[PDB]
Amino acid sequence: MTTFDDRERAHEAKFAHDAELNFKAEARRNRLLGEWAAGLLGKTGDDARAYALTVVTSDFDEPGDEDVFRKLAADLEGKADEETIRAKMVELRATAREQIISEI
């Protein structure tokens, strides 16, 4: 009865016309970071998937806020160095578009 159908995806040239399919890769930078911490925290399957679906802010650019580092170094206590957090998510600017163009 419902008014929806969302089906397979079809990104054919869409990354330089459309918003909707662009948007995911346009951002992505923080969407994949719970999918990192998941495994380290022992989360797998839906335990990973659901956890990943509550990890987005895009913190830690210039000093003035800094909470994600503070929270991760507690949550991930024993599984990430300070530098292991602060060096990682730096590069994911590239990995963000990459993982979409991988898992099309």
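This entry, as listed in the PDB, derives from solution NMR.

Since the α-helix turns once every 3.6 residues, residues separated by three or four places project in the same direction. All of the buried residues along helix α1 (residues 20-27) are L21, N22 and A25. When α1 is viewed along its axis, its buried side chains cluster within an angular range of 95° and face the same direction. Every exposed residue of α1 that faces more than 90 degrees away from the buried side is listed here: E20, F23 and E26. Packing partners of the buried residues in α1 comprise α5 (82-102). Trailing α1 by a residue or two, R28 shows a phi angle of about 50°, which is positive.

Here the focus is unusual backbone geometry. The phi angle at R28 is positive, at roughly 50°, despite the residue not being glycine. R28 sits in the buried class, given a relative accessible area of 7%. Backbone geometry places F60, a non-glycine residue, at a positive phi of 65°. Along the chain, the position of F60 falls in the loop between α3 (45-52) and α4 (68-75).

The rules behind the values
Residues numbered from 1 in each chain as written, not as in the entry; some residues may be left out. Heavy atoms only, no water. Buried < 20%, exposed > 50% of the residue type's maximum accessible area, 1.4 Å probe, protein only. Helix = DSSP H or I, 4+ residues; strand = E, 2+ residues; numbered from the N terminus. Arc of directions from axis to C-beta. Contact = heavy atoms within 4.5 Å.

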